[PDB]
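S.K.: Handing you this structure, nothing more for now.
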Amino acid sequence: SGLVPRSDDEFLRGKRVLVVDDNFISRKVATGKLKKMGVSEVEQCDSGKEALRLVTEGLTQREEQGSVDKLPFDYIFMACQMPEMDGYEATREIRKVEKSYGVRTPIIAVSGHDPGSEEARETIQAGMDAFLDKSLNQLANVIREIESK
């Protein structure tokens, strides 16, 4: 794990998270790991297109209602490798959506292997904030690092 340049049963209380992963089992393992931290609201989906839909509609909903909290999700966990639209392209597309709202959701890349050169470059180009392995073992450390910034 680490950051990208430009008991804990209450660690994430109050937070709302999205998990994006085309693999069913890893999606439920992430969602488990988050729930055992007391995340207040976890949403999950199986693709970049569905993540776009959920973030886009959420941002628009909050803007139309004048909600206190602009962001639908305080953190998004994005699988890097997905068919059709990978995590990097989904993150890029999220960042485009966000532009008109003046917000920035933390987006954490999730991969079964360390990024190589090409993936590292895609991580930065895409606008991801951090990367983690698939067990989310370093999740709290990464979040604390994000929040410190």
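Residues are named by chain letter and number: chains run A, B, ... in the order of the structure tokens, numbers start at 1 in each chain, and ligands are numbered from 1 in the order shown.
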Residue A:27: which residues within 12 Å, counting only C-alpha atoms, same-chain residues fewer than 3 positions away excluded, as a PyMOL selection string?
M.R.: chain A and resi 18-24+30-34+42-47+77-79+110+134-136
S.K.: Just N, CA and C atoms for this one: save the residues we selected as a PDB file, in the first residue's frame.
M.R.:
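The file below, result39.pdb, is the result:
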ATOM      1  N   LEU A  18     -18.199   3.369  -1.045  1.00  0.00           N
ATOM      2  CA  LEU A  18     -18.546   2.529  -2.223  1.00  0.00           C
ATOM      3  C   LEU A  18     -17.440   1.557  -2.481  1.00  0.00           C
ATOM      4  N   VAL A  19     -17.793   0.284  -2.734  1.00  0.00           N
ATOM      5  CA  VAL A  19     -16.844  -0.741  -3.184  1.00  0.00           C
ATOM      6  C   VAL A  19     -17.159  -1.116  -4.600  1.00  0.00           C
ATOM      7  N   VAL A  20     -16.188  -1.021  -5.478  1.00  0.00           N
ATOM      8  CA  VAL A  20     -16.360  -1.316  -6.921  1.00  0.00           C
ATOM      9  C   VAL A  20     -15.445  -2.510  -7.221  1.00  0.00           C
ATOM     10  N   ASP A  21     -16.065  -3.658  -7.578  1.00  0.00           N
ATOM     11  CA  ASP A  21     -15.221  -4.851  -7.908  1.00  0.00           C
ATOM     12  C   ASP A  21     -16.074  -5.814  -8.655  1.00  0.00           C
ATOM     13  N   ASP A  22     -15.537  -6.223  -9.797  1.00  0.00           N
ATOM     14  CA  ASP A  22     -16.261  -7.192 -10.580  1.00  0.00           C
ATOM     15  C   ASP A  22     -16.249  -8.596 -10.010  1.00  0.00           C
ATOM     16  N   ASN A  23     -15.317  -8.881  -9.123  1.00  0.00           N
ATOM     17  CA  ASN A  23     -15.290 -10.194  -8.462  1.00  0.00           C
ATOM     18  C   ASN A  23     -16.133 -10.144  -7.228  1.00  0.00           C
ATOM     19  N   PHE A  24     -17.130 -10.986  -7.210  1.00  0.00           N
ATOM     20  CA  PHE A  24     -18.026 -11.106  -6.208  1.00  0.00           C
ATOM     21  C   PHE A  24     -17.398 -11.362  -4.846  1.00  0.00           C
ATOM     22  N   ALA A  30     -14.126  -7.046   0.861  1.00  0.00           N
ATOM     23  CA  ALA A  30     -13.972  -5.591   1.136  1.00  0.00           C
ATOM     24  C   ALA A  30     -15.105  -5.072   1.956  1.00  0.00           C
ATOM     25  N   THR A  31     -16.380  -5.371   1.638  1.00  0.00           N
ATOM     26  CA  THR A  31     -17.509  -4.897   2.314  1.00  0.00           C
ATOM     27  C   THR A  31     -17.553  -5.401   3.754  1.00  0.00           C
ATOM     28  N   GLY A  32     -17.005  -6.611   3.954  1.00  0.00           N
ATOM     29  CA  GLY A  32     -16.878  -7.134   5.336  1.00  0.00           C
ATOM     30  C   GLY A  32     -15.922  -6.356   6.206  1.00  0.00           C
ATOM     31  N   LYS A  33     -14.727  -6.147   5.668  1.00  0.00           N
ATOM     32  CA  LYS A  33     -13.612  -5.437   6.235  1.00  0.00           C
ATOM     33  C   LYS A  33     -14.057  -4.037   6.619  1.00  0.00           C
ATOM     34  N   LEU A  34     -14.832  -3.388   5.726  1.00  0.00           N
ATOM     35  CA  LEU A  34     -15.382  -2.027   6.034  1.00  0.00           C
ATOM     36  C   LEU A  34     -16.456  -2.013   7.131  1.00  0.00           C
ATOM     37  N   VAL A  42     -22.324   1.198   3.433  1.00  0.00           N
ATOM     38  CA  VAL A  42     -21.527   0.650   2.369  1.00  0.00           C
ATOM     39  C   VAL A  42     -22.404   0.312   1.167  1.00  0.00           C
ATOM     40  N   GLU A  43     -22.055   0.830   0.011  1.00  0.00           N
ATOM     41  CA  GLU A  43     -22.680   0.436  -1.226  1.00  0.00           C
ATOM     42  C   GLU A  43     -21.657  -0.316  -2.074  1.00  0.00           C
ATOM     43  N   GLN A  44     -22.145  -1.263  -2.828  1.00  0.00           N
ATOM     44  CA  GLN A  44     -21.291  -2.029  -3.684  1.00  0.00           C
ATOM     45  C   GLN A  44     -21.841  -2.183  -5.065  1.00  0.00           C
ATOM     46  N   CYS A  45     -20.885  -2.262  -5.985  1.00  0.00           N
ATOM     47  CA  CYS A  45     -21.240  -2.528  -7.354  1.00  0.00           C
ATOM     48  C   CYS A  45     -20.127  -3.211  -8.073  1.00  0.00           C
ATOM     49  N   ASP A  46     -20.497  -3.745  -9.221  1.00  0.00           N
ATOM     50  CA  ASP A  46     -19.662  -4.727  -9.901  1.00  0.00           C
ATOM     51  C   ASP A  46     -18.961  -4.274 -11.143  1.00  0.00           C
ATOM     52  N   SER A  47     -18.980  -2.945 -11.393  1.00  0.00           N
ATOM     53  CA  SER A  47     -18.462  -2.433 -12.574  1.00  0.00           C
ATOM     54  C   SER A  47     -18.196  -0.909 -12.523  1.00  0.00           C
ATOM     55  N   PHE A  77     -13.459   2.551  -3.033  1.00  0.00           N
ATOM     56  CA  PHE A  77     -12.470   1.434  -3.221  1.00  0.00           C
ATOM     57  C   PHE A  77     -12.728   0.900  -4.590  1.00  0.00           C
ATOM     58  N   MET A  78     -11.759   1.091  -5.452  1.00  0.00           N
ATOM     59  CA  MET A  78     -11.903   0.819  -6.900  1.00  0.00           C
ATOM     60  C   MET A  78     -10.973  -0.317  -7.366  1.00  0.00           C
ATOM     61  N   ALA A  79     -11.541  -1.412  -7.804  1.00  0.00           N
ATOM     62  CA  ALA A  79     -10.730  -2.492  -8.403  1.00  0.00           C
ATOM     63  C   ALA A  79     -10.053  -1.933  -9.630  1.00  0.00           C
ATOM     64  N   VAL A 110      -7.510  -0.801  -5.649  1.00  0.00           N
ATOM     65  CA  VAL A 110      -7.414  -2.061  -5.045  1.00  0.00           C
ATOM     66  C   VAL A 110      -6.962  -3.088  -6.133  1.00  0.00           C
ATOM     67  N   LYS A 134      -5.695  -6.440  -2.190  1.00  0.00           N
ATOM     68  CA  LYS A 134      -7.053  -6.946  -2.139  1.00  0.00           C
ATOM     69  C   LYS A 134      -7.637  -7.339  -0.797  1.00  0.00           C
ATOM     70  N   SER A 135      -6.810  -7.653   0.188  1.00  0.00           N
ATOM     71  CA  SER A 135      -7.374  -7.911   1.531  1.00  0.00           C
ATOM     72  C   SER A 135      -7.701  -6.622   2.267  1.00  0.00           C
ATOM     73  N   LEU A 136      -7.283  -5.467   1.727  1.00  0.00           N
ATOM     74  CA  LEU A 136      -7.421  -4.240   2.398  1.00  0.00           C
ATOM     75  C   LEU A 136      -6.670  -4.269   3.741  1.00  0.00           C
TER      76      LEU A 136
END
S.K.: Within 9 Å of residue A:5, counting only C-alpha atoms, which residues show up once you throw out same-chain ones fewer than 2 positions away? Write them as number ranges by chain, please.
M.R.: A: 3, 124, 127-130
S.K.: If you run DSSP over the backbone, which residues in stretch 50-114 of chain A end up alpha helix (DSSP H)? Put them as number ranges by chain.
M.R.: A: 50-65, 87-99
S.K.: So what do you get for atom CA of residue A:144 versus atom CA of residue A:75, distance-wise?
M.R.: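 Distance between the two atoms: 12.0 Å.
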S.K.: Please run DSSP on the backbone and report, as a PyMOL selection string, all residues within chain A that come out as strand (DSSP E or B).
M.R.: chain A and resi 2-3+16-20+41-45+75-79+107-111+130-133
S.K.: Write out the residues from the selection above, keeping N, CA and C atoms, as a PDB file, in the first residue's frame.
M.R.:
ATOM      1  N   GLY A   2       0.161   2.361  -0.416  1.00  0.00           N
ATOM      2  CA  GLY A   2       0.648   3.692  -0.173  1.00  0.00           C
ATOM      3  C   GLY A   2      -0.077   4.720  -0.939  1.00  0.00           C
ATOM      4  N   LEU A   3       0.308   5.951  -0.696  1.00  0.00           N
ATOM      5  CA  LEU A   3      -0.317   7.125  -1.254  1.00  0.00           C
ATOM      6  C   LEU A   3       0.180   7.482  -2.642  1.00  0.00           C
ATOM      7  N   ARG A  16     -19.474   6.817   4.714  1.00  0.00           N
ATOM      8  CA  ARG A  16     -20.235   6.100   3.709  1.00  0.00           C
ATOM      9  C   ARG A  16     -19.243   5.747   2.579  1.00  0.00           C
ATOM     10  N   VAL A  17     -19.224   4.470   2.160  1.00  0.00           N
ATOM     11  CA  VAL A  17     -18.209   4.014   1.260  1.00  0.00           C
ATOM     12  C   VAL A  17     -18.845   3.300   0.105  1.00  0.00           C
ATOM     13  N   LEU A  18     -18.199   3.369  -1.045  1.00  0.00           N
ATOM     14  CA  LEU A  18     -18.546   2.529  -2.223  1.00  0.00           C
ATOM     15  C   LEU A  18     -17.440   1.557  -2.481  1.00  0.00           C
ATOM     16  N   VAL A  19     -17.793   0.284  -2.734  1.00  0.00           N
ATOM     17  CA  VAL A  19     -16.844  -0.741  -3.184  1.00  0.00           C
ATOM     18  C   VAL A  19     -17.159  -1.116  -4.600  1.00  0.00           C
ATOM     19  N   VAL A  20     -16.188  -1.021  -5.478  1.00  0.00           N
ATOM     20  CA  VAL A  20     -16.360  -1.316  -6.921  1.00  0.00           C
ATOM     21  C   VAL A  20     -15.445  -2.510  -7.221  1.00  0.00           C
ATOM     22  N   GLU A  41     -22.478   3.249   6.127  1.00  0.00           N
ATOM     23  CA  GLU A  41     -23.248   2.980   4.917  1.00  0.00           C
ATOM     24  C   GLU A  41     -22.167   2.418   3.917  1.00  0.00           C
ATOM     25  N   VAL A  42     -22.324   1.198   3.433  1.00  0.00           N
ATOM     26  CA  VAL A  42     -21.527   0.650   2.369  1.00  0.00           C
ATOM     27  C   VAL A  42     -22.404   0.312   1.167  1.00  0.00           C
ATOM     28  N   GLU A  43     -22.055   0.830   0.011  1.00  0.00           N
ATOM     29  CA  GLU A  43     -22.680   0.436  -1.226  1.00  0.00           C
ATOM     30  C   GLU A  43     -21.657  -0.316  -2.074  1.00  0.00           C
ATOM     31  N   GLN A  44     -22.145  -1.263  -2.828  1.00  0.00           N
ATOM     32  CA  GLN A  44     -21.291  -2.029  -3.684  1.00  0.00           C
ATOM     33  C   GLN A  44     -21.841  -2.183  -5.065  1.00  0.00           C
ATOM     34  N   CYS A  45     -20.885  -2.262  -5.985  1.00  0.00           N
ATOM     35  CA  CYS A  45     -21.240  -2.528  -7.354  1.00  0.00           C
ATOM     36  C   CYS A  45     -20.127  -3.211  -8.073  1.00  0.00           C
ATOM     37  N   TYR A  75     -15.411   7.648   0.727  1.00  0.00           N
ATOM     38  CA  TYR A  75     -14.262   6.927   0.106  1.00  0.00           C
ATOM     39  C   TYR A  75     -14.862   5.956  -0.908  1.00  0.00           C
ATOM     40  N   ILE A  76     -14.134   5.769  -1.973  1.00  0.00           N
ATOM     41  CA  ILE A  76     -14.410   4.740  -2.979  1.00  0.00           C
ATOM     42  C   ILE A  76     -13.173   3.843  -3.054  1.00  0.00           C
ATOM     43  N   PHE A  77     -13.459   2.551  -3.033  1.00  0.00           N
ATOM     44  CA  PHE A  77     -12.470   1.434  -3.221  1.00  0.00           C
ATOM     45  C   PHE A  77     -12.728   0.900  -4.590  1.00  0.00           C
ATOM     46  N   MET A  78     -11.759   1.091  -5.452  1.00  0.00           N
ATOM     47  CA  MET A  78     -11.903   0.819  -6.900  1.00  0.00           C
ATOM     48  C   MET A  78     -10.973  -0.317  -7.366  1.00  0.00           C
ATOM     49  N   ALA A  79     -11.541  -1.412  -7.804  1.00  0.00           N
ATOM     50  CA  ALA A  79     -10.730  -2.492  -8.403  1.00  0.00           C
ATOM     51  C   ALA A  79     -10.053  -1.933  -9.630  1.00  0.00           C
ATOM     52  N   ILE A 107     -10.305   8.192  -3.718  1.00  0.00           N
ATOM     53  CA  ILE A 107     -10.430   6.969  -4.513  1.00  0.00           C
ATOM     54  C   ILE A 107      -9.186   6.123  -4.275  1.00  0.00           C
ATOM     55  N   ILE A 108      -9.377   4.914  -3.786  1.00  0.00           N
ATOM     56  CA  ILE A 108      -8.292   4.000  -3.351  1.00  0.00           C
ATOM     57  C   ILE A 108      -8.295   2.894  -4.347  1.00  0.00           C
ATOM     58  N   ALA A 109      -7.197   2.733  -5.074  1.00  0.00           N
ATOM     59  CA  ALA A 109      -7.052   1.567  -5.933  1.00  0.00           C
ATOM     60  C   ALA A 109      -6.843   0.251  -5.221  1.00  0.00           C
ATOM     61  N   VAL A 110      -7.510  -0.801  -5.649  1.00  0.00           N
ATOM     62  CA  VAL A 110      -7.414  -2.061  -5.045  1.00  0.00           C
ATOM     63  C   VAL A 110      -6.962  -3.088  -6.133  1.00  0.00           C
ATOM     64  N   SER A 111      -5.791  -3.756  -5.968  1.00  0.00           N
ATOM     65  CA  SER A 111      -5.183  -4.656  -6.922  1.00  0.00           C
ATOM     66  C   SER A 111      -4.659  -5.897  -6.145  1.00  0.00           C
ATOM     67  N   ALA A 130      -4.579   6.569  -3.487  1.00  0.00           N
ATOM     68  CA  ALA A 130      -3.850   5.558  -2.813  1.00  0.00           C
ATOM     69  C   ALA A 130      -4.040   4.274  -3.452  1.00  0.00           C
ATOM     70  N   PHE A 131      -3.187   3.298  -3.093  1.00  0.00           N
ATOM     71  CA  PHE A 131      -3.388   1.924  -3.483  1.00  0.00           C
ATOM     72  C   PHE A 131      -3.238   0.955  -2.327  1.00  0.00           C
ATOM     73  N   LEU A 132      -3.990  -0.112  -2.403  1.00  0.00           N
ATOM     74  CA  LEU A 132      -4.087  -1.187  -1.409  1.00  0.00           C
ATOM     75  C   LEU A 132      -4.116  -2.532  -2.062  1.00  0.00           C
ATOM     76  N   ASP A 133      -3.627  -3.570  -1.342  1.00  0.00           N
ATOM     77  CA  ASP A 133      -3.904  -4.947  -1.804  1.00  0.00           C
ATOM     78  C   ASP A 133      -5.288  -5.374  -1.513  1.00  0.00           C
TER      79      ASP A 133
END
S.K.: Counting only C-alpha atoms, what are the residues of stretch 5-61 of chain A within 12 Å of stretch 66-70 of chain A, and for each of them which pair of atoms is the nearest and at what distance in Å, to one decimal? Sort the table by chain and rising number, as CSV.
M.R.:
residue,atom,partner,partner_atom,distance
A:14,CA,A:69,CA,11.7
A:15,CA,A:69,CA,11.1
A:16,CA,A:69,CA,10.9
A:55,CA,A:70,CA,11.0
A:56,CA,A:70,CA,11.7
A:57,CA,A:70,CA,11.7
A:58,CA,A:70,CA,8.6
A:59,CA,A:70,CA,6.5
A:60,CA,A:70,CA,9.0
A:61,CA,A:67,CA,8.3
S.K.: Using only N, CA and C atoms, please write the residues we just selected to a file, as an mmCIF file, in the first residue's frame.
M.R.:
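Written output follows (out-v5.cif):
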data_model
loop_
_atom_site.group_PDB
_atom_site.id
_atom_site.type_symbol
_atom_site.label_atom_id
_atom_site.label_comp_id
_atom_site.auth_asym_id
_atom_site.auth_seq_id
_atom_site.Cartn_x
_atom_site.Cartn_y
_atom_site.Cartn_z
ATOM 1 N N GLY A 14 -19.779 6.897 10.869
ATOM 2 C CA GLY A 14 -20.154 8.116 10.250
ATOM 3 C C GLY A 14 -19.822 8.136 8.732
ATOM 4 N N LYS A 15 -19.035 7.140 8.267
ATOM 5 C CA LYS A 15 -18.548 7.220 6.863
ATOM 6 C C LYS A 15 -19.367 6.380 5.980
ATOM 7 N N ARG A 16 -19.474 6.817 4.714
ATOM 8 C CA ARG A 16 -20.235 6.100 3.709
ATOM 9 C C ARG A 16 -19.243 5.747 2.579
ATOM 10 N N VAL A 55 -22.215 7.355 -8.472
ATOM 11 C CA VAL A 55 -21.521 8.628 -8.059
ATOM 12 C C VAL A 55 -22.184 9.806 -8.721
ATOM 13 N N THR A 56 -22.480 9.656 -10.048
ATOM 14 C CA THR A 56 -23.099 10.780 -10.790
ATOM 15 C C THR A 56 -24.432 11.127 -10.211
ATOM 16 N N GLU A 57 -25.302 10.145 -10.012
ATOM 17 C CA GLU A 57 -26.613 10.418 -9.480
ATOM 18 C C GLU A 57 -26.454 10.962 -8.045
ATOM 19 N N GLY A 58 -25.546 10.429 -7.247
ATOM 20 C CA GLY A 58 -25.393 10.894 -5.908
ATOM 21 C C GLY A 58 -24.957 12.352 -5.733
ATOM 22 N N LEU A 59 -24.025 12.700 -6.625
ATOM 23 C CA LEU A 59 -23.483 14.098 -6.649
ATOM 24 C C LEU A 59 -24.628 14.998 -7.054
ATOM 25 N N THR A 60 -25.361 14.633 -8.073
ATOM 26 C CA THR A 60 -26.487 15.498 -8.589
ATOM 27 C C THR A 60 -27.582 15.628 -7.514
ATOM 28 N N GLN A 61 -27.943 14.545 -6.879
ATOM 29 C CA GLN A 61 -28.941 14.513 -5.824
ATOM 30 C C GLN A 61 -28.553 15.474 -4.694
#
